[PDB]
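Enquirer: Okay, so here is start.txt, and as you'll see once you scroll down, it has compact mmCIF, N, CA and C atoms.
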```
# COMPACT_ATOMS: atom_id res chain seq x y z
N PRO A 8 162.84 52.76 -47.35
CA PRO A 8 163.46 51.43 -47.34
C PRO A 8 162.65 50.43 -48.15
N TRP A 9 162.28 50.82 -49.37
CA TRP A 9 161.39 50.01 -50.18
C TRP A 9 162.03 48.69 -50.60
N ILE A 10 163.35 48.66 -50.73
CA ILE A 10 164.03 47.43 -51.13
C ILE A 10 163.97 46.40 -50.01
N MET A 11 164.25 46.82 -48.78
CA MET A 11 164.16 45.89 -47.66
C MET A 11 162.72 45.52 -47.36
N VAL A 12 161.78 46.44 -47.59
CA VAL A 12 160.36 46.11 -47.45
C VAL A 12 159.96 45.05 -48.47
N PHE A 13 160.39 45.21 -49.72
CA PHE A 13 160.07 44.24 -50.77
C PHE A 13 160.67 42.87 -50.47
N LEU A 14 161.92 42.84 -50.02
CA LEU A 14 162.56 41.55 -49.76
C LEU A 14 161.94 40.85 -48.55
N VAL A 15 161.63 41.61 -47.49
CA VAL A 15 161.04 41.00 -46.30
C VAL A 15 159.60 40.56 -46.58
N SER A 16 158.85 41.36 -47.34
CA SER A 16 157.48 40.98 -47.66
C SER A 16 157.43 39.73 -48.51
N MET A 17 158.34 39.60 -49.48
CA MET A 17 158.33 38.40 -50.32
C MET A 17 158.86 37.18 -49.59
N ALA A 18 159.84 37.36 -48.70
CA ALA A 18 160.30 36.24 -47.89
C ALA A 18 159.21 35.76 -46.95
N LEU A 19 158.40 36.69 -46.44
CA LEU A 19 157.29 36.31 -45.57
C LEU A 19 156.16 35.67 -46.35
N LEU A 20 155.90 36.14 -47.57
CA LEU A 20 154.88 35.51 -48.40
C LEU A 20 155.28 34.10 -48.80
N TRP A 21 156.57 33.89 -49.06
CA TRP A 21 157.04 32.53 -49.29
C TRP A 21 157.01 31.69 -48.02
N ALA A 22 157.24 32.31 -46.87
CA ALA A 22 157.15 31.57 -45.62
C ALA A 22 155.71 31.17 -45.32
N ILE A 23 154.75 32.03 -45.65
CA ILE A 23 153.34 31.67 -45.48
C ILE A 23 152.96 30.57 -46.47
N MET A 24 153.53 30.62 -47.67
CA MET A 24 153.29 29.57 -48.66
C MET A 24 153.77 28.22 -48.16
N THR A 25 154.97 28.17 -47.60
CA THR A 25 155.43 26.88 -47.09
C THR A 25 154.83 26.52 -45.74
N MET A 26 154.11 27.43 -45.08
CA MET A 26 153.34 27.01 -43.91
C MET A 26 152.02 26.37 -44.32
N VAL A 27 151.37 26.92 -45.35
CA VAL A 27 150.12 26.34 -45.86
C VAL A 27 150.38 25.00 -46.54
N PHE A 28 151.55 24.85 -47.18
CA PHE A 28 151.85 23.62 -47.92
C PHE A 28 151.86 22.40 -47.02
N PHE A 29 152.20 22.56 -45.75
CA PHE A 29 152.18 21.44 -44.83
C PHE A 29 150.94 21.43 -43.95
N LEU A 30 149.94 22.24 -44.28
CA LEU A 30 148.69 22.29 -43.52
C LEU A 30 147.67 21.44 -44.26
N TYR A 31 147.69 20.14 -43.98
CA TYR A 31 146.69 19.23 -44.53
C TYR A 31 146.52 18.07 -43.58
N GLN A 32 145.36 17.42 -43.65
CA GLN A 32 145.08 16.29 -42.78
C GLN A 32 145.18 15.00 -43.58
N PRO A 33 146.18 14.16 -43.32
CA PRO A 33 146.31 12.93 -44.10
C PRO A 33 145.28 11.89 -43.70
N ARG A 34 144.26 11.72 -44.54
CA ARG A 34 143.16 10.82 -44.22
C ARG A 34 143.50 9.42 -44.71
N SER A 35 143.71 8.50 -43.76
CA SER A 35 143.97 7.10 -44.08
C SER A 35 142.65 6.33 -44.12
N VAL A 36 141.89 6.58 -45.18
CA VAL A 36 140.61 5.92 -45.38
C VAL A 36 140.74 4.95 -46.54
N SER A 37 141.94 4.42 -46.72
CA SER A 37 142.19 3.42 -47.76
C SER A 37 141.59 2.09 -47.32
N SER A 38 140.37 1.81 -47.78
CA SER A 38 139.70 0.58 -47.40
C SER A 38 140.34 -0.62 -48.07
N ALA A 39 140.38 -1.74 -47.35
CA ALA A 39 140.93 -3.00 -47.85
C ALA A 39 139.84 -3.98 -48.25
N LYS A 40 138.75 -3.48 -48.84
CA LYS A 40 137.67 -4.35 -49.29
C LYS A 40 138.03 -5.10 -50.57
N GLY A 41 139.03 -4.63 -51.31
CA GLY A 41 139.45 -5.32 -52.52
C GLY A 41 140.00 -6.71 -52.25
N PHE A 42 140.63 -6.90 -51.08
CA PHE A 42 141.13 -8.21 -50.70
C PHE A 42 140.02 -9.21 -50.44
N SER A 43 138.77 -8.75 -50.28
CA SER A 43 137.65 -9.68 -50.19
C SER A 43 137.34 -10.34 -51.53
N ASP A 44 137.89 -9.83 -52.63
CA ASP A 44 137.70 -10.46 -53.93
C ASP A 44 139.00 -10.74 -54.67
N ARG A 45 140.15 -10.45 -54.06
CA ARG A 45 141.42 -10.71 -54.74
C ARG A 45 141.74 -12.20 -54.78
N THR A 46 141.36 -12.95 -53.75
CA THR A 46 141.68 -14.37 -53.71
C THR A 46 140.80 -15.14 -54.69
N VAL A 47 141.43 -15.97 -55.51
CA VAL A 47 140.75 -16.79 -56.51
C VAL A 47 141.02 -18.24 -56.18
N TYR A 48 139.96 -19.05 -56.15
CA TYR A 48 140.10 -20.46 -55.83
C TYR A 48 140.82 -21.20 -56.95
N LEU A 49 141.35 -22.37 -56.61
CA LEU A 49 142.08 -23.18 -57.58
C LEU A 49 141.11 -23.78 -58.60
N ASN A 50 141.44 -23.62 -59.88
CA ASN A 50 140.61 -24.16 -60.94
C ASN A 50 140.83 -25.67 -61.06
N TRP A 51 139.74 -26.39 -61.27
CA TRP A 51 139.78 -27.84 -61.38
C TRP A 51 140.03 -28.22 -62.83
N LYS A 52 139.86 -29.49 -63.15
CA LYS A 52 139.97 -29.97 -64.52
C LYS A 52 138.64 -30.56 -64.95
N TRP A 53 138.13 -30.08 -66.07
CA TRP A 53 136.87 -30.55 -66.63
C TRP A 53 137.10 -30.95 -68.06
N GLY B 103 138.67 -7.24 -43.32
CA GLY B 103 139.15 -7.69 -44.61
C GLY B 103 140.24 -8.74 -44.51
N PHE B 104 141.12 -8.61 -43.51
CA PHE B 104 142.16 -9.62 -43.32
C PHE B 104 141.57 -10.96 -42.86
N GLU B 105 140.58 -10.91 -41.96
CA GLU B 105 139.95 -12.16 -41.51
C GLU B 105 139.17 -12.83 -42.64
N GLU B 106 138.47 -12.04 -43.46
CA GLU B 106 137.75 -12.61 -44.59
C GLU B 106 138.70 -13.20 -45.62
N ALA B 107 139.86 -12.57 -45.82
CA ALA B 107 140.86 -13.12 -46.73
C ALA B 107 141.40 -14.45 -46.23
N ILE B 108 141.57 -14.58 -44.91
CA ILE B 108 142.03 -15.85 -44.34
C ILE B 108 140.99 -16.95 -44.57
N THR B 109 139.71 -16.63 -44.31
CA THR B 109 138.65 -17.62 -44.52
C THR B 109 138.50 -18.00 -45.99
N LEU B 110 138.74 -17.06 -46.90
CA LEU B 110 138.67 -17.38 -48.32
C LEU B 110 139.82 -18.28 -48.74
N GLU B 111 141.00 -18.11 -48.14
CA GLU B 111 142.09 -19.05 -48.40
C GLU B 111 141.75 -20.45 -47.89
N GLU B 112 141.08 -20.53 -46.73
CA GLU B 112 140.63 -21.82 -46.23
C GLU B 112 139.62 -22.47 -47.17
N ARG B 113 138.71 -21.67 -47.74
CA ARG B 113 137.76 -22.19 -48.72
C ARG B 113 138.47 -22.67 -49.98
N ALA B 114 139.53 -21.98 -50.38
CA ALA B 114 140.31 -22.41 -51.55
C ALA B 114 140.99 -23.76 -51.30
N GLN B 115 141.50 -23.96 -50.08
CA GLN B 115 142.09 -25.25 -49.74
C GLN B 115 141.05 -26.36 -49.74
N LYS B 116 139.85 -26.08 -49.22
CA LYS B 116 138.77 -27.05 -49.28
C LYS B 116 138.34 -27.33 -50.72
N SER B 117 138.43 -26.32 -51.59
CA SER B 117 138.14 -26.54 -53.01
C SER B 117 139.17 -27.47 -53.64
N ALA B 118 140.43 -27.37 -53.22
CA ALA B 118 141.45 -28.30 -53.72
C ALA B 118 141.17 -29.73 -53.27
N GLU B 119 140.74 -29.89 -52.01
CA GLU B 119 140.38 -31.23 -51.52
C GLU B 119 139.20 -31.81 -52.30
N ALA B 120 138.19 -30.98 -52.58
CA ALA B 120 137.06 -31.46 -53.37
C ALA B 120 137.44 -31.69 -54.83
N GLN B 121 138.51 -31.06 -55.31
CA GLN B 121 139.02 -31.41 -56.63
C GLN B 121 139.59 -32.82 -56.64
N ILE B 122 140.24 -33.22 -55.55
CA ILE B 122 140.69 -34.61 -55.42
C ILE B 122 139.49 -35.56 -55.44
N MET B 123 138.41 -35.17 -54.76
CA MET B 123 137.17 -35.96 -54.80
C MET B 123 136.61 -36.04 -56.22
N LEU B 124 136.74 -34.96 -56.99
CA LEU B 124 136.28 -34.95 -58.37
C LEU B 124 137.04 -35.96 -59.22
N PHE B 125 138.37 -36.02 -59.06
CA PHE B 125 139.16 -36.95 -59.86
C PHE B 125 138.86 -38.41 -59.49
N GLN B 126 138.64 -38.67 -58.20
CA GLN B 126 138.22 -40.01 -57.79
C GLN B 126 136.86 -40.37 -58.38
N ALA B 127 135.93 -39.41 -58.39
CA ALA B 127 134.63 -39.63 -59.01
C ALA B 127 134.75 -39.81 -60.52
N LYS B 128 135.74 -39.17 -61.13
CA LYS B 128 135.97 -39.34 -62.56
C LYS B 128 136.37 -40.77 -62.89
N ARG B 129 137.34 -41.31 -62.14
CA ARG B 129 137.77 -42.68 -62.43
C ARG B 129 136.71 -43.70 -62.03
N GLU B 130 135.90 -43.39 -61.01
CA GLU B 130 134.77 -44.25 -60.69
C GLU B 130 133.74 -44.25 -61.82
N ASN B 131 133.48 -43.09 -62.41
CA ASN B 131 132.50 -43.00 -63.49
C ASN B 131 132.98 -43.75 -64.73
N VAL B 132 134.29 -43.72 -65.00
CA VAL B 132 134.83 -44.46 -66.13
C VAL B 132 134.66 -45.96 -65.93
N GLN B 133 134.94 -46.45 -64.71
CA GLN B 133 134.73 -47.87 -64.42
C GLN B 133 133.25 -48.24 -64.51
N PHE B 134 132.36 -47.34 -64.08
CA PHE B 134 130.93 -47.59 -64.19
C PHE B 134 130.49 -47.70 -65.64
N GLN B 135 131.02 -46.83 -66.51
CA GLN B 135 130.67 -46.87 -67.93
C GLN B 135 131.19 -48.14 -68.59
N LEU B 136 132.41 -48.55 -68.25
CA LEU B 136 132.97 -49.78 -68.82
C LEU B 136 132.20 -51.01 -68.36
N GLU B 137 131.83 -51.07 -67.08
CA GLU B 137 131.05 -52.20 -66.59
C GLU B 137 129.66 -52.23 -67.21
N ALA B 138 129.04 -51.06 -67.38
CA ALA B 138 127.72 -51.01 -68.00
C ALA B 138 127.77 -51.49 -69.45
N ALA B 139 128.84 -51.15 -70.18
CA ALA B 139 129.01 -51.68 -71.53
C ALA B 139 129.21 -53.19 -71.52
N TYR B 140 129.83 -53.72 -70.47
CA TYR B 140 129.94 -55.18 -70.35
C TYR B 140 128.60 -55.83 -70.09
N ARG B 141 127.73 -55.15 -69.35
CA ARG B 141 126.42 -55.72 -69.08
C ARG B 141 125.56 -55.75 -70.35
N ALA B 142 125.63 -54.69 -71.15
CA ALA B 142 124.93 -54.63 -72.44
C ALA B 142 125.39 -55.72 -73.39
N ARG B 143 126.70 -55.96 -73.49
CA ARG B 143 127.15 -57.06 -74.33
C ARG B 143 126.78 -58.43 -73.75
N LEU B 144 126.67 -58.55 -72.43
CA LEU B 144 126.12 -59.80 -71.89
C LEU B 144 124.64 -59.94 -72.24
N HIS B 145 123.89 -58.84 -72.17
CA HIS B 145 122.47 -58.84 -72.52
C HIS B 145 122.28 -59.16 -73.99
N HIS B 146 123.14 -58.61 -74.85
CA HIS B 146 123.03 -58.87 -76.28
C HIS B 146 123.29 -60.33 -76.60
N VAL B 147 124.28 -60.94 -75.92
CA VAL B 147 124.55 -62.36 -76.14
C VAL B 147 123.37 -63.22 -75.67
N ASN B 148 122.81 -62.92 -74.50
CA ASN B 148 121.68 -63.70 -73.99
C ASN B 148 120.44 -63.53 -74.87
N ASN B 149 120.21 -62.32 -75.39
CA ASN B 149 119.08 -62.09 -76.27
C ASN B 149 119.23 -62.86 -77.58
N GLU B 150 120.46 -62.92 -78.12
CA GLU B 150 120.69 -63.68 -79.34
C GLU B 150 120.48 -65.18 -79.11
N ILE B 151 120.93 -65.70 -77.97
CA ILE B 151 120.73 -67.11 -77.66
C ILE B 151 119.24 -67.43 -77.51
N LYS B 152 118.50 -66.53 -76.85
CA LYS B 152 117.05 -66.71 -76.73
C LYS B 152 116.37 -66.66 -78.09
N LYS B 153 116.86 -65.81 -78.99
CA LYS B 153 116.30 -65.74 -80.34
C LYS B 153 116.57 -67.02 -81.12
N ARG B 154 117.75 -67.62 -80.95
CA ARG B 154 118.04 -68.90 -81.59
C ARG B 154 117.13 -70.01 -81.06
N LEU B 155 116.90 -70.02 -79.74
CA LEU B 155 116.01 -71.02 -79.15
C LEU B 155 114.57 -70.84 -79.63
```
Can I see the file as structure tokens?
Expert:
Amino acid sequence: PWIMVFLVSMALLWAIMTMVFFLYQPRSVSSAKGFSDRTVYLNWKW
Amino acid sequence: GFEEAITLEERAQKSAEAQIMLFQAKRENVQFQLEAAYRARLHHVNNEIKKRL
């Protein structure tokens, strides 16, 4: 049954591929230190 | 970061208020310069009168 073995093995290898694809830890370490310098004071007239 | 951004906006508003102070000091300085030039021309007139005497 080499044809069914080939099809089941490749379907399982693709299933393992899409299991690993969603195996990640989303690290929300987006620091907001840029806003400490984004604000600019109003320029005067000289 | 959000609290620091709020305080920086407050500092910007205070900078705008001190800009108003700058413009008032500008017009005061212009009046000071004009009055000082009036004093010099008064001094020049008095010095010339003393020289004639």
Enquirer: Which parts of chain A does DSSP call helix (DSSP H, G or I) when run on the backbone here, written out as a count of residues only?
Expert: 23
Enquirer: Each residue of chain A with at least one atom at most 7 Å from chain B should appear once, together with its nearest atom pair and the corresponding distance in Å (one decimal); atoms considered: all atoms listed in the file; ordering: chain, then increasing residue number; output as JSON lines.
Expert:
```
{"residue": "A:39", "atom": "C", "partner": "B:103", "partner_atom": "CA", "distance": 5.2}
{"residue": "A:40", "atom": "CA", "partner": "B:103", "partner_atom": "CA", "distance": 5.9}
{"residue": "A:42", "atom": "C", "partner": "B:107", "partner_atom": "CA", "distance": 5.5}
{"residue": "A:43", "atom": "CA", "partner": "B:107", "partner_atom": "N", "distance": 5.7}
{"residue": "A:46", "atom": "CA", "partner": "B:110", "partner_atom": "C", "distance": 6.6}
{"residue": "A:47", "atom": "C", "partner": "B:114", "partner_atom": "CA", "distance": 6.3}
{"residue": "A:48", "atom": "CA", "partner": "B:114", "partner_atom": "CA", "distance": 4.7}
{"residue": "A:49", "atom": "N", "partner": "B:114", "partner_atom": "CA", "distance": 5.2}
{"residue": "A:51", "atom": "CA", "partner": "B:121", "partner_atom": "CA", "distance": 6.0}
{"residue": "A:52", "atom": "N", "partner": "B:121", "partner_atom": "CA", "distance": 6.8}
```
Enquirer: Box for region 125-144 of chain B - axis-aligned, 5 Å on each of the six sides, all listed atoms - centre and size in Å to one decimal, as lines of an AutoDock Vina configuration file.
Expert:
```
center_x = 131.9
center_y = -48.0
center_z = -66.1
size_x = 24.5
size_y = 33.9
size_z = 26.5
```
Enquirer: Can you work out the spacing between atom N of residue 149 (chain B) and atom C of residue 135 (chain B) in Å, to one decimal?
Expert: 19.2 Å
Enquirer: How many Å lie between atom N of residue 126 (chain B) and atom N of residue 50 (chain A), rounded to one decimal?
Expert: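 Separation between atom N of residue 126 (chain B) and atom N of residue 50 (chain A): 15.4 Å.
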